[PDB]
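Visitor:
There are 2 protein chains.
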Amino acid sequence: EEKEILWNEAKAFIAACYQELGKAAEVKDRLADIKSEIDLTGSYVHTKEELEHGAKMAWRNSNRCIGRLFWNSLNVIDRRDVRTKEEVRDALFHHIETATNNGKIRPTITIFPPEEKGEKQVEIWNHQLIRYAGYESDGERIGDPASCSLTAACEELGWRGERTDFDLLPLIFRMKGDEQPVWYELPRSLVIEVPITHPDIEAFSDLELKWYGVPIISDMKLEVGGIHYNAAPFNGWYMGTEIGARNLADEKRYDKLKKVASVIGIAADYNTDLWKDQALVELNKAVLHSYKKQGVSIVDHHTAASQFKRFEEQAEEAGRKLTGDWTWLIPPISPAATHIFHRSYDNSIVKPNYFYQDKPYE
Amino acid sequence: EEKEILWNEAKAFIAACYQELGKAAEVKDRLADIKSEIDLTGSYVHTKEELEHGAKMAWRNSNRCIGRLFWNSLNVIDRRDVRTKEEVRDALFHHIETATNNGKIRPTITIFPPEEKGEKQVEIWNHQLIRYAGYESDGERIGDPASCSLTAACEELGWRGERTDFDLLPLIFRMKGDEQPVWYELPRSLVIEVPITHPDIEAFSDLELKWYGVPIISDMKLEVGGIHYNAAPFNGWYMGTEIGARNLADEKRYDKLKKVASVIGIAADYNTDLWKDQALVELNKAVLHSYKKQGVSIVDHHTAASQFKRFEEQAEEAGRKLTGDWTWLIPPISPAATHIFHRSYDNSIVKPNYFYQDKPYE
Ligand code: HEM
Ligand code: HEM
Ligand SMILES: Cc1cc(N)nc(CCc2cc(N)cc(CCc3cc(C)cc(N)n3)c2)c1
Ligand SMILES: Cc1cc(N)nc(CCc2cc(N)cc(CCc3cc(C)cc(N)n3)c2)c1
Ligand SMILES: [Cl-]
Ligand SMILES: [Cl-]
Numbered sequence: 002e003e004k005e006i007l008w009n010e011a012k013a014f015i016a017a018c019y020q021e022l023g024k025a026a027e028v029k030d031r032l033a034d035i036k037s038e039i040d041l042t043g044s045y046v047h048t049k050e051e052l053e054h055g056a057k058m059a060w061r062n063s064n065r066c067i068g069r070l071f072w073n074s075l076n077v078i079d080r081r082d083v084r085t086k087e088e089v090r091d092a093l094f095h096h097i098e099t100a101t102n103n104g105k106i107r108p109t110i111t112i113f114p115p116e117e118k119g120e121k122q123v124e125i126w127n128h129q130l131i132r133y134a135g136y137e138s139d140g141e142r143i144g145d146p147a148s149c150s151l152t153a154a155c156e157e158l159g160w161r162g163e164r165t166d167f168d169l170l171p172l173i174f175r176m177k178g179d180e181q182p183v184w185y186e187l188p189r190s191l192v193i194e195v196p197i198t199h200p201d202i203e204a205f206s207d208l209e210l211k212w213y214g215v216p217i218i219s220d221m222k223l224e225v226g227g228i229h230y231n232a233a234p235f236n237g238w239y240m241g242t243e244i245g246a247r248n249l250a251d252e253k254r255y256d257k258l259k260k261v262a263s264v265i266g267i268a269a270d271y272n273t274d275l276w277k278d279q280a281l282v283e284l285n286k287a288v289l290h291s292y293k294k295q296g297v298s299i300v301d302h303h304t305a306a307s308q309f310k311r312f313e314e315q316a317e318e319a320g321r322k323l324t325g326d327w328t329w330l331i332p333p334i335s336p337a338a339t340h341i342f343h344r345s346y347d348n349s350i351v352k353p354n355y356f357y358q359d360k361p362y363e
Numbered sequence: 002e003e004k005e006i007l008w009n010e011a012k013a014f015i016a017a018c019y020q021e022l023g024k025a026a027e028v029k030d031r032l033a034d035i036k037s038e039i040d041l042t043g044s045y046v047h048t049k050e051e052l053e054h055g056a057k058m059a060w061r062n063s064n065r066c067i068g069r070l071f072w073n074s075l076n077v078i079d080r081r082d083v084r085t086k087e088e089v090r091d092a093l094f095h096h097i098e099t100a101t102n103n104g105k106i107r108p109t110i111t112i113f114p115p116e117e118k119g120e121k122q123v124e125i126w127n128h129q130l131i132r133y134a135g136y137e138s139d140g141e142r143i144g145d146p147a148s149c150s151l152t153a154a155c156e157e158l159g160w161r162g163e164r165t166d167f168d169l170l171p172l173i174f175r176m177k178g179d180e181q182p183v184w185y186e187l188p189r190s191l192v193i194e195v196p197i198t199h200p201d202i203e204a205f206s207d208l209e210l211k212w213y214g215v216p217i218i219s220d221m222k223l224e225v226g227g228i229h230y231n232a233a234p235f236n237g238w239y240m241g242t243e244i245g246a247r248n249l250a251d252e253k254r255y256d257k258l259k260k261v262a263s264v265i266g267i268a269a270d271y272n273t274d275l276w277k278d279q280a281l282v283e284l285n286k287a288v289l290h291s292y293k294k295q296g297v298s299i300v301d302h303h304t305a306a307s308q309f310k311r312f313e314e315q316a317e318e319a320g321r322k323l324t325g326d327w328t329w330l331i332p333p334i335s336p337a338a339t340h341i342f343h344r345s346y347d348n349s350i351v352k353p354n355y356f357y358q359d360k361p362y363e
């Protein structure tokens with residue numbers, strides 16, 4: 002019944018895809034070719050056109066994403082041809098370079114060979130292609146706590162981190178047939194980072210905060226027409242709150258709010274002073290200012306919500322149902338100042354889409 | 002089948018209520034009495050003990066309420082004895098006085114006679130017992146836009162507002178048998194208001210903002226054991242964000258953020274400046290400071306969330322399932338700084354509870 006699931010997904014995808022591409026007349030013959038191919042080989046192979054539009058539809062269907070207005074301009078890189086670790090490594094390096102684009106970030110996805118029969122051809126261990134290591138031992142915490150398990154796994158493979166608060170994790174991935182993943186250090190010339198300063202508060206630089214330019218999610222599966230692309234890293238540019246209200250502020254992440262309060266010169270003693278809220282706003286102002294000053298793409302949550310409003314309007318105008326997850330779409334700073342907060346969204350799952358998958362380590 | 006719905010709700014309520022009250026042995030005889038009474042009269046009458054605990058359970062089951070830690074100290078006033086408009090009016094005046102308690106607010110509910118056969122005995126028109134009128138005509142907007150329809154209805158009944166931004170609406174309610182509601186002006190001596198000032202920014206008083214002390218919801222139905230108390234106004238004290246991030250900030254309410262930005266001396270020109278977020282924090286700081294300075298009860302969203310965490314713990318320790326609506330429980334200012342944001346809640350409906358009902362006017 003594996004094949005029947007595949008055939009059914011394929012039928013729905015090809016019909017929808019070709020309809021959007023004005024290719025509806027070709028659906029008939031294409032599906033026949035696909036049915037023979039499944040009968041024969043147990044699977045089928047997407048055309049470049051199908052793969053590209055599939056990855057775009059998958060972004061368009063991502064309920065939790067506020068950035069979807071730009072779904073149709075996704076840059077899709079087809080790497081279904083890779084067979085070696087060196088090719089995978091080089092393709093990941095290339096993704097970083099071309100997505101970064103000297104700071105003018107290009108939303109990009111690199112697509113590797115798909116699962117054959119649930120059997121991965123390439124298995125990426127990183128959560129993002131660029132991320133900081135984390136350490137916790139003898140009560141001492143260093144770096145990003147979110148990376149502790151992956152960092153420990155890396156250090157089992159012969160890697161060693163410098164134990165700064167911002168060590169770049171190496172790329173780590175496993176090839177079909179290999180028992181152990183390989184790891185490769187990131188060339189620093191490929192990785193843009195932004196030091197965090199504040200537009201008005203000179204002392205903010207005393208915190209010595211920085212973040213990386215481009216979030217490149219590398220642990221999710223792209224599913225298109227029943228084909229499972231478990232290895233298909235993708236990136237956008239950041240919304241500022243992701244850095245300033247989550248990565249740097251969260252108590253289980255960099256946990257910087259008390260330090261922020263101190264450098265902006267407010268007490269951190271009384272809940273009624275709303276010092277956490279004030280620190281959050283100033284940290285978030287600093288993040289946006291810093292990315293802008295450096296010429297690295299970023300969007301603030303107000304502008305992002307306005308773009309998302311246009312996405313909603315575009316969907317209605319195209320006759321497409323809109324799906325969304327309110328709990329993820331609202332920004333974590335002043336959510337009620339956005340239109341998103343004041344409406345509801347159908348959280349139904351539509352494919353093609355991106356999905357969570359089990360981690361290959363613990 | 003009306004009766005069967007009633008009997009079934011009654012059975013579940015009485016069993017649960019008496020169990021919590023350590024009265025489980027009396028459930029048997031009480032249910033027999035109730036069954037006879039329903040057979041006879043089509044309904045049944047709660048004991049004072051049942052009514053009081055029922056209203057408390059209803060608060061405890063209110064999924065959208067962050068204030069539930071204090072459910073068991075609700076002050077329940079039994080006014081099932083009222084028969085005249087003067088008695089209803091006087092009971093509403095009394096509720097305001099005793100709930101206000103010179104600023105040390107007491108969570109209180111006044112319970113009027115229940116619906117007989119869907120037939121209301123008392124029909125309250127106000128959304129809250131204390132609220133400001135709103136006007137919109139010839140492009141001119143005055144007061145609270147949320148009150149526009151009710152205000153227009155009042156002005157059909159012979160009332161006239163002064164058309165300040167803070168006119169107190171009169172009490173308005175209808176008795177069974179009467180075609181028209183009556184209205185009564187609130188004695189100003191009963192109504193505490195708080196002028197909004199900022200702890201550090203002297204100019205904030207130039208905005209001439211104020212709000213009323215006590216939110217007394219008067220348009221919801223209390224349902225206990227199948228009995229429908231459509232008229233049962235209840236109050237708590239405010240959480241500061243309700244005033245500073247909703248009532249005064251919302252574009253469809255008092256819409257004060259641009260004016261706040263001006264008095265705190267920041268530009269309101271660029272989304273990336275996060276001026277709306279900064280204005281929201283300062284307005285919210287001002288609200289808490291002002292209520293505290295005046296000696297009127299209020300809670301900030303951090304303290305409220307910590308209290309709610311204790312409510313969760315208390316529920317687990319008592320063996321009670323917890324229900325909640327994440328979308329209402331998170332505060333609209335720095336939600337991710339509260340524990341609520343980082344967990345999920347079962348939004349199932351448990352009775353006794355408070356419910357929306359159709360408005361008696363348009
Ligand atoms: C172009 C700039 C982009 C911005 C500003 C953006 C913004 C965001 C934000 C802020 C979130 C997380 C919301 C939260 O934590 O509550 C998110 C989630 C997501 N975005 Fe986007 N995004 C962008 C591009 C992309 C692209 C190119 C894709 C894929 C092709 C994508 C797919 C997703 C997915 C799948 C999630 C959910 C991840 C999960 O469930 O863990 N986004 N986006
Ligand atoms: C003691 C102080 C109290 C505080 C601070 C408090 C806090 C709140 C807040 C902030 C909300 C709205 C959340 C939002 O808009 O997202 C709310 C909703 C609610 N509260 Fe409470 N509350 C308190 C007391 C009470 C009492 C005494 C009752 C009833 C006996 C009650 C029942 C409710 C109900 C029914 C709602 C939802 C209203 C609706 O659906 O429109 N609360 N509470
Ligand atoms: C492609 C892309 C671009 C872009 N700018 N941002 C993303 C999302 C990045 C992201 C990364 C992590 N580690 C966690 C979350 C959600 C954290 C989270 C967790 C839970 C549980 C709830 C919630 N609201 N948010 C989101 C993807
Ligand atoms: C007894 C009691 C005490 C206390 N402190 N606060 C309340 C709630 C008062 C309240 C009043 C109004 N008008 C609207 C909302 C919800 C506004 C709202 C609407 C929607 C649609 C979503 C959302 N999250 N919030 C809440 C009751
Ligand atoms: Cl991130
Ligand atoms: Cl209110």
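Protein sequences, first through last, are from chains A and A'. A prime marks a further copy of an entry chain. Under the entry's author numbering, the first residue of the first sequence is numbered 2, with each subsequent residue one higher. Under the entry's author numbering, the first residue of the second sequence is numbered 2, with each subsequent residue one higher. By construction, the Cβ of each residue, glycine as well, lies at the ideal position given by its N, Cα and C atoms.
Output yes or no for whether 7 Å exceeds the beta carbon distance between A:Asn-62 and A:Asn-354.
Guide: yes
Visitor: Hey, does A':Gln-279 have any beta-carbon neighbour from chain A nearer than 7 Å?
Guide: A':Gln-279 counts as touching chain A.
Visitor: For the beta strand (DSSP E) that contains A:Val-123, what are its first and last residues?
Guide: 123 to 125
Visitor: Run the CB neighbour count on A:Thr-152, radius 10 Å, all protein chains shown included, and call it buried at 16 or more, exposed below.
Guide: buried
Visitor: For A':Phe-14, count neighbouring C-beta atoms within 10 Å of its own C-beta (all shown protein chains included) and say buried if the count is 16 or more, exposed if not.
Guide: buried
Visitor: I want to see whether chain A comes within less than 7 Å of A':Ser-263, judged by CB atoms only; does it?
Guide: no
Visitor: Who does A:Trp-8 pair with in a DSSP beta bridge?
Guide: A:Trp-8 pairs with nothing; no bridge assigned.
Visitor: So does the region 255 to 275 of chain A' actually touch the region 289 to 307 of chain A, counting three or more Cβ pairs closer than 8 Å?
Guide: yes
Visitor: How about A':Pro-146: is its Cβ closer than 6 Å to a heavy atom in ligand 6?
Guide: no
Visitor: Restricting to Cα atoms, I'd like to know which of A':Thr-165, A':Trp-126, A':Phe-167 and A':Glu-141 is closest to A':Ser-150.
Guide: A':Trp-126
Visitor: What residue does the alpha helix (DSSP H) around A:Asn-285 start on, and which one ends it?
Guide: 276 to 295
Visitor: Whole beta strand (DSSP E) runs in the region 42 to 110 of chain A with 3 or more residues, listed along the chain?
Guide: 76 to 79
Visitor: Along chain A', in chain order, which residues have C-beta atoms closer than 7 Å to that of A:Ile-131?
Guide: Here the premise fails: no neighbours, minimum Cβ distance about 23 Å.
Visitor: Does any CB atom of chain A' fall closer than 7 Å to the CB of A:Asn-248?
Guide: no
Visitor: Residue 366 of chain A lies in the beta strand (DSSP E); which residues open and close that run?
Guide: The structure shown does not extend to residue 366 of chain A, since chain A spans only 2 to 363, so no value can be given for it.
Visitor: Just verifying my parser: in three-state terms, what is the DSSP assignment at A':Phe-174?
Guide: strand
Visitor: Less than 7 Å between CB atoms is the rule here; does A:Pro-188 satisfy it with respect to chain A'?
Guide: no
Visitor: Relative to the C-alpha of A:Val-264, which residue among A:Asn-348, A:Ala-204 and A:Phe-71 is closest?
Guide: A:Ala-204
Visitor: Under 6 Å Cβ to Cβ from A:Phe-167, same chain only, skipping five residues before and after it: list those, please.
Guide: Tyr-133
Visitor: Report whether the distance from the Cβ of A:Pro-216 to the nearest heavy atom of ligand 5 is below 6 Å.
Guide: yes
Visitor: Which residues in the same chain have their Cβ closer than 7 Å to the Cβ of A':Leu-75, if we skip the five residues on either side of it in sequence?
Guide: Hits under 7 Å: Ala-56, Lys-57, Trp-60, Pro-108 and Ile-110.
Visitor: Could you work out which residues of chain A' lie near A:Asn-285, taking near to mean beta carbons separated by less than 9 Å?
Guide: Near A:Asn-285 (Cβ distances below 9 Å), the residues of chain A' are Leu-275 and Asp-278.
Visitor: List the DSSP bridge partners of A':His-343.
Guide: DSSP links A':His-343 through a beta bridge to no other residue.
Visitor: Could you check if A':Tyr-239 belongs to the surroundings of ligand 7, using beta carbon to heavy atom distance under 6 Å?
Guide: This structure does not include ligand 7; its bound ligands are ligand 1, ligand 2, ligand 3, ligand 4, ligand 5 and ligand 6.
Visitor: Could you tell me if A:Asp-278 is buried or exposed, where buried requires 16 or more neighbouring beta carbons within 10 angstroms of its beta carbon?
Guide: buried
Visitor: Report whether the distance from the Cβ of A':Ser-335 to the nearest heavy atom of ligand 2 is below 6 Å.
Guide: no
Visitor: In this structure, how does DSSP classify A':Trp-212 when only helix, strand and coil are distinguished?
Guide: In the structure shown, A':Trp-212 falls within a strand segment according to DSSP collapsed to helix, strand and coil.
Visitor: How would you call A':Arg-175, buried or exposed, if buried means at least 16 neighbouring beta carbons within 10 angstroms?
Guide: buried
Visitor: Looking at the secondary structure, which residues open and close the beta strand (DSSP E) in which A:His-229 lies?
Guide: 228 to 230 is the extent of the beta strand (DSSP E) around A:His-229.
Visitor: For A':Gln-308, I'd like the list of residues in its chain whose CB is within less than 7 Å of its CB, leaving aside the five on either flank, ordered along the chain.
Guide: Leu-70
Visitor: Which residues in the same chain have their Cβ closer than 7 Å to the Cβ of A:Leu-172, if we skip the five residues on either side of it in sequence?
Guide: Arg-90, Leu-93, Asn-127, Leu-130, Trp-184, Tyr-185 and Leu-187
Visitor: Using the beta-carbon of each residue, which ones in chain A' are nearer than 9 Å to A:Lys-293?
Guide: Per Cβ cutoff of 9 Å: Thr-273.
Visitor: Determine the chain A' residues that contact A:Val-282 at a beta-carbon separation under 7 Å, and present them in chain order.
Guide: The answer, in chain order, is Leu-275, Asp-278, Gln-279 and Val-282.
Visitor: What are the boundary residues of the beta strand (DSSP E) that A':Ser-138 is part of?
Guide: Start and end: 135 to 138.
Visitor: Just reading off the beta strand (DSSP E) that A':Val-195 is part of, what are its end residues?
Guide: 194 to 196
Visitor: Please list, in chain order, the chain A' residues whose beta carbon lies closer than 8 Å to that of A:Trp-126.
Guide: Here the premise fails: no neighbours, minimum Cβ distance about 25 Å.
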